[PDB]
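Have a look at the structure below before the remarks.
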Number of protein chains: 2
Amino acid sequence: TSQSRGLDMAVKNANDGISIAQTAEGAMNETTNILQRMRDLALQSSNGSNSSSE
Amino acid sequence: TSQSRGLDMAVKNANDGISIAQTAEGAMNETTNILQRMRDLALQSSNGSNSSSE
């Protein structure tokens, strides 16, 4: 009986762990998209056609 | 006839002794349930998803 209640609280606890990892990874996805955009801009600036203004 | 009355006292004493055991068991049934509830609450609290407030 104690094991059954503990197992349910453990399943709920593991759901919380999946939730925390899900939220942080989802925010991490936009970090990846930002960095790729920053890398595209950095490559563009390296072109010799750009003057100091661009 | 002397100890026939004695057994009548004996069964009477045994009956109330059974009653004392029964009420002790009955109040005990709630004690077990309270401890089990505290075990689930403590189990939930051990999760790192909970902050200090929870």
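To be explicit about the labels: the chains of the structure tokens are called A, B, and onward in the order shown, and within each one the residues are counted from 1, while ligands get numbers from 1 in the order they are shown.
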Write out, as CSV, each residue of chain B that has an atom at most 7 Å from chain A, together with the closest pair of atoms and their distance in Å to one decimal, counting only C-alpha atoms, rows going by chain and rising number.
residue,atom,partner,partner_atom,distance
B:36,CA,A:2,CA,6.3
B:40,CA,A:6,CA,6.0
B:43,CA,A:9,CA,6.8
B:44,CA,A:9,CA,6.2
B:47,CA,A:13,CA,6.3
B:49,CA,A:16,CA,6.3
**Item:** Sel. of alpha helix (DSSP H) residues, chain B, as a ChimeraX atom specification
**Value:** /B:2-45
